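**Q** Before anything else, here's the structure in question.
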Amino acid sequence: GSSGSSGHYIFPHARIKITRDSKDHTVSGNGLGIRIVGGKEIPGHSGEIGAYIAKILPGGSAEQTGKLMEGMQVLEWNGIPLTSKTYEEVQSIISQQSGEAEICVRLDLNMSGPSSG
């Protein structure tokens with residue numbers, strides 16, 4: 001419980017959902033091919049931390065959508081905000097959903113981190 005009548009933001013964001021795929025090519029159990037790192041300063045914000053999509057798997061659930069892109073600032077995930085949190089905390093928030101999930105990222109925004117692997 002938080003929003004009711006219309007839940008839009010003042011800034012341009014892209015609210016896309018991620019559906020879970022039943023079997024494909026794995027034998028462990030992951031929380032969608034979506035990775036986001038928290039406790040990272042935002043480019044522009046007044047010395048504030050947030051969460052951004054570290055990277056995206058090769059043709060995963062996140063990439064499946066097409067919208068979601070690497071180096072994108074995630075405003076909120078599954079409703080739960082990641083801003084003003086920590087990598088771990090965030091992760092936990094993310095790594096905790098058996099099935100489709102909802103992500104709230106910003107449109108006009110690019111972090112671009114030194115992510116090799």
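Letters for chains follow the order of the structure tokens (A, B, ...), residue numbers begin at 1 for each chain, and ligand numbers begin at 1 in the order shown.
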Residues at most 6 Å from residue 34 in chain A, counting only C-alpha atoms, excluding those fewer than 2 positions away in the same chain, as a list in words?
**A** residues 32, 56 and 62 of chain A
**Q** Take the residues from that selection and write them out as a CSV table (one decimal), in the first residue's frame, keeping N, CA, C and O atoms.
**A**
chain,number,residue,atom,x,y,z
A,32,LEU,N,15.4,-14.3,-12.5
A,32,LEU,CA,15.4,-13.6,-13.7
A,32,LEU,C,16.8,-13.1,-14.1
A,32,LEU,O,17.6,-12.9,-13.2
A,56,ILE,N,23.1,-7.1,-18.1
A,56,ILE,CA,22.0,-7.9,-18.6
A,56,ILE,C,22.5,-9.2,-19.3
A,56,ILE,O,23.5,-9.1,-20.0
A,62,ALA,N,15.0,-10.1,-18.8
A,62,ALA,CA,15.1,-8.6,-18.8
A,62,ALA,C,15.3,-8.1,-20.2
A,62,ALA,O,14.6,-7.2,-20.6
**Q** Could you please write out, as a PyMOL selection string, every residue of chain A that DSSP assigns to strand (DSSP E)?
**A** chain A and resi 13-18+34-41+49-56+73-77+80-81+101-106
**Q** Restrict the selected residues to N, CA, C and O atoms and save them as a short mmCIF file (atom, residue, chain, number, x, y, z; two decimals), in the first residue's frame.
**A**
data_model
loop_
_atom_site.label_atom_id
_atom_site.label_comp_id
_atom_site.auth_asym_id
_atom_site.auth_seq_id
_atom_site.Cartn_x
_atom_site.Cartn_y
_atom_site.Cartn_z
N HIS A 13 9.77 7.77 -16.85
CA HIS A 13 10.21 6.46 -16.42
C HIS A 13 9.55 5.38 -17.28
O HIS A 13 8.56 5.66 -17.97
N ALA A 14 10.11 4.19 -17.22
CA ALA A 14 9.58 3.07 -17.99
C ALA A 14 9.29 1.90 -17.04
O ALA A 14 10.20 1.21 -16.60
N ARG A 15 8.01 1.72 -16.76
CA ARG A 15 7.58 0.65 -15.88
C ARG A 15 7.23 -0.60 -16.69
O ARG A 15 6.14 -0.70 -17.25
N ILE A 16 8.18 -1.53 -16.73
CA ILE A 16 7.98 -2.77 -17.46
C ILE A 16 8.09 -3.95 -16.49
O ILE A 16 8.89 -3.93 -15.57
N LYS A 17 7.27 -4.96 -16.75
CA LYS A 17 7.26 -6.15 -15.91
C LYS A 17 8.10 -7.24 -16.58
O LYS A 17 8.30 -7.22 -17.79
N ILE A 18 8.57 -8.16 -15.76
CA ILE A 18 9.39 -9.26 -16.25
C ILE A 18 8.72 -10.59 -15.89
O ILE A 18 8.55 -10.90 -14.72
N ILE A 34 18.25 -10.54 -14.47
CA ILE A 34 18.34 -9.12 -14.20
C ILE A 34 19.26 -8.88 -13.01
O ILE A 34 19.08 -9.48 -11.95
N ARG A 35 20.24 -8.01 -13.21
CA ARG A 35 21.20 -7.70 -12.16
C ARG A 35 21.22 -6.19 -11.91
O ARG A 35 21.35 -5.40 -12.84
N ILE A 36 21.10 -5.84 -10.64
CA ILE A 36 21.10 -4.44 -10.24
C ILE A 36 21.97 -4.27 -8.99
O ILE A 36 21.84 -5.03 -8.03
N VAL A 37 22.83 -3.26 -9.04
CA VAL A 37 23.71 -2.98 -7.92
C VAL A 37 23.24 -1.71 -7.21
O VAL A 37 23.02 -0.69 -7.85
N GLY A 38 23.11 -1.81 -5.90
CA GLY A 38 22.68 -0.68 -5.09
C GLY A 38 23.87 0.01 -4.43
O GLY A 38 25.01 -0.40 -4.61
N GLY A 39 23.56 1.06 -3.68
CA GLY A 39 24.59 1.82 -2.99
C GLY A 39 25.58 2.43 -3.99
O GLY A 39 26.79 2.39 -3.77
N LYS A 40 25.02 2.99 -5.05
CA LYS A 40 25.84 3.62 -6.08
C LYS A 40 25.34 5.04 -6.32
O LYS A 40 24.15 5.26 -6.56
N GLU A 41 26.27 5.98 -6.25
CA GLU A 41 25.95 7.38 -6.46
C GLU A 41 25.30 7.57 -7.84
O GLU A 41 25.69 6.94 -8.81
N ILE A 49 22.69 8.12 -3.44
CA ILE A 49 22.95 6.77 -3.90
C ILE A 49 21.66 6.16 -4.45
O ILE A 49 20.57 6.65 -4.17
N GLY A 50 21.83 5.10 -5.23
CA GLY A 50 20.69 4.42 -5.82
C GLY A 50 21.08 3.02 -6.32
O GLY A 50 22.12 2.49 -5.92
N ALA A 51 20.24 2.47 -7.17
CA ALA A 51 20.48 1.15 -7.72
C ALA A 51 20.41 1.22 -9.25
O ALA A 51 19.54 1.88 -9.81
N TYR A 52 21.35 0.52 -9.88
CA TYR A 52 21.40 0.49 -11.33
C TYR A 52 21.63 -0.93 -11.85
O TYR A 52 22.24 -1.75 -11.16
N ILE A 53 21.14 -1.18 -13.05
CA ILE A 53 21.28 -2.49 -13.66
C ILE A 53 22.74 -2.72 -14.03
O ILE A 53 23.22 -2.22 -15.05
N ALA A 54 23.42 -3.48 -13.19
CA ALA A 54 24.83 -3.78 -13.41
C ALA A 54 25.03 -4.20 -14.87
O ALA A 54 25.80 -3.58 -15.60
N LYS A 55 24.32 -5.25 -15.25
CA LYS A 55 24.41 -5.77 -16.60
C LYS A 55 23.18 -6.64 -16.90
O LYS A 55 22.37 -6.88 -16.01
N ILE A 56 23.10 -7.09 -18.14
CA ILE A 56 21.99 -7.93 -18.56
C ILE A 56 22.54 -9.18 -19.26
O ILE A 56 23.48 -9.09 -20.05
N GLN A 73 19.22 3.46 -14.27
CA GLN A 73 18.95 3.69 -12.86
C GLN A 73 17.57 3.15 -12.49
O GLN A 73 16.56 3.60 -13.03
N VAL A 74 17.56 2.19 -11.58
CA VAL A 74 16.32 1.58 -11.14
C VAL A 74 15.76 2.38 -9.96
O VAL A 74 16.33 2.39 -8.88
N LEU A 75 14.64 3.04 -10.22
CA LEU A 75 13.99 3.85 -9.20
C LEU A 75 13.47 2.93 -8.09
O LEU A 75 13.79 3.13 -6.92
N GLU A 76 12.69 1.95 -8.49
CA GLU A 76 12.12 1.00 -7.54
C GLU A 76 12.03 -0.39 -8.18
O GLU A 76 12.03 -0.52 -9.40
N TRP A 77 11.94 -1.39 -7.31
CA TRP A 77 11.85 -2.77 -7.77
C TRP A 77 10.75 -3.46 -6.96
O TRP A 77 10.81 -3.49 -5.73
N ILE A 80 9.17 -1.89 -3.90
CA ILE A 80 10.16 -1.55 -2.89
C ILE A 80 11.27 -0.71 -3.52
O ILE A 80 11.87 -1.12 -4.52
N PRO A 81 11.52 0.47 -2.91
CA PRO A 81 12.55 1.37 -3.40
C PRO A 81 13.95 0.85 -3.05
O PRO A 81 14.12 0.19 -2.02
N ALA A 101 8.34 -10.40 -12.00
CA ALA A 101 8.61 -9.31 -11.07
C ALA A 101 8.41 -7.98 -11.79
O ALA A 101 8.35 -7.93 -13.02
N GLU A 102 8.31 -6.92 -11.00
CA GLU A 102 8.11 -5.59 -11.54
C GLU A 102 9.31 -4.70 -11.21
O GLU A 102 9.82 -4.73 -10.09
N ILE A 103 9.72 -3.92 -12.20
CA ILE A 103 10.85 -3.02 -12.02
C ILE A 103 10.44 -1.61 -12.45
O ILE A 103 9.66 -1.44 -13.38
N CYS A 104 10.99 -0.63 -11.75
CA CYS A 104 10.70 0.76 -12.04
C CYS A 104 12.02 1.49 -12.28
O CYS A 104 12.71 1.85 -11.33
N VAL A 105 12.32 1.71 -13.55
CA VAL A 105 13.55 2.39 -13.92
C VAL A 105 13.20 3.72 -14.59
O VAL A 105 12.07 3.92 -15.03
N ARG A 106 14.20 4.59 -14.66
CA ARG A 106 14.01 5.90 -15.27
C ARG A 106 14.37 5.84 -16.76
O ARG A 106 15.26 5.09 -17.16
#
**Q** What does the structure give for the distance between CA of residue 90 in chain A and CA of residue 29 in chain A, in Å to one decimal?
**A**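 CA of residue 90 in chain A sits 19.0 Å away from CA of residue 29 in chain A.
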**Q** Mind the document's chain letters and residue numbers, and return as a PyMOL selection string the residues of chain A that DSSP labels alpha helix (DSSP H).
**A** chain A and resi 61-65+87-94
**Q** Restricting the output to C-alpha atoms, write the selected residues as a short mmCIF file (atom, residue, chain, number, x, y, z; two decimals), in the first residue's frame.
**A**
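Result file follows (result15.cif):
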data_model
loop_
_atom_site.label_atom_id
_atom_site.label_comp_id
_atom_site.auth_asym_id
_atom_site.auth_seq_id
_atom_site.Cartn_x
_atom_site.Cartn_y
_atom_site.Cartn_z
CA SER A 61 14.09 -12.23 -19.31
CA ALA A 62 15.09 -8.62 -18.75
CA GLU A 63 16.53 -8.28 -22.23
CA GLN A 64 13.52 -10.14 -23.56
CA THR A 65 11.49 -7.00 -23.01
CA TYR A 87 24.17 -3.32 -2.53
CA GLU A 88 23.30 -6.16 -0.19
CA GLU A 89 19.99 -4.73 0.98
CA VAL A 90 18.99 -4.00 -2.59
CA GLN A 91 20.12 -7.39 -3.82
CA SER A 92 18.05 -9.09 -1.14
CA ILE A 93 15.09 -7.00 -2.25
CA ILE A 94 15.75 -8.22 -5.77
#
**Q** In terms of the shortest atom-to-atom distance over only C-alpha atoms, which of A:114, A:109, A:72, A:100 is closest to residue 12 in chain A?
**A** A:109
**Q** I'd like to know which of A:84, A:70, A:115, A:79 is closest to residue 2 in chain A, using only C-alpha atoms.
**A** A:79
**Q** So what do you get for CA of residue 19 in chain A versus CA of residue 31 in chain A, distance-wise?
**A**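 That distance, rounded to one decimal, is 10.6 Å.
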**Q** Work out how far apart CA of residue 30 in chain A and CA of residue 95 in chain A are and give it in Å to one decimal.
**A**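 Computing it gives 8.2 Å between the two atoms.
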**Q** Go through A:112, A:20, A:71, A:59 one by one, measure the shortest atom-to-atom distance of each to residue 97 in chain A using only C-alpha atoms, and give the residue with the smallest value.
**A**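 Smallest separation from residue 97 in chain A among the options: A:20.
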